[PDB]
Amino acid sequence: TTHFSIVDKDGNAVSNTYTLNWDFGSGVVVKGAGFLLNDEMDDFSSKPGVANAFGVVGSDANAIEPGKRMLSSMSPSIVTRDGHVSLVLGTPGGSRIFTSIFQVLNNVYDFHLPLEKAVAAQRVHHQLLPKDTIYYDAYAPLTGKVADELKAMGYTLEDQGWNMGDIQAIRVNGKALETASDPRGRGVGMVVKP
């Protein structure tokens, strides 16, 4: 999955998340055309209660049916205030996408961090199943006092083996704009004079 965020000089905004699902999708290239096909079908529930590649489960509502869209976690987002775009953001990360956005929103709106720090901050993830398992990435692993405390509570901590999202965000402050690209990835942001 990947995400990008755009604001134009008229205050219009686009937040776009799109994907093949896993890296390089199904691995199938269309001969003669040169593009990869998705492996999005794994976002359906293949069997009730059996976890997919992201550890999430389902039953009837997300079972495979012809013509049906498979449940996603992608959450391209735009915050407005008083009718004006104030923040544009989104991220890849499968079942971690909306918990990662939630954390960034907390960091901006509750901890009042600068956008770059809000995006760079450690992020973790829990999703009921696997039971009492909190995931971290190697960019900002759970360590020291906090990790001992969580383990003492009975949590299992695991390095999920890939970075916890790749937030790409734009903040608008009156007429001024700022960008932030997650240090977990290779993103770039630019402000463009009118």
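The first residue of the sequence shown is number 1, and the count goes up from there.
A.B. asks: Highest mean C-alpha temperature factor of the two stretches 7-15 and 173-181, which is it?
C.D. replies: The recorded data point to 173-181.
A.B. asks: Quick check on the record: does 162-170 or 124-132 carry the larger mean Cα temperature factor?
C.D. replies: Mean CA B-factor is higher for 124-132.
A.B. asks: Divide the modelled residues of the chain into thirds by Cα B-factor and specify which third, lowest, middle or highest, holds residue 35.
C.D. replies: Bottom third by C-alpha B-factor.
A.B. asks: Report the third (lowest, middle or highest) to which the CA temperature factor of residue 43 belongs, ranking only the modelled residues of the same chain.
C.D. replies: Lowest third.
A.B. asks: Determine, from the deposited record, the chain-internal third of the Cα B-factor for residue 50: lowest, middle or highest.
C.D. replies: Highest third - that is where residue 50 ends up once the chain's C-alpha B-factors are sorted.
A.B. asks: Is the Cα B-factor recorded for residue 29 in the lowest, middle or highest third of its chain?
C.D. replies: CA B-factor rank for residue 29: middle third.
A.B. asks: Would you please rank residue 81 by its C-alpha temperature factor against the other modelled residues of its chain and give the third it falls in: lowest, middle or highest?
C.D. replies: Top third by C-alpha B-factor.
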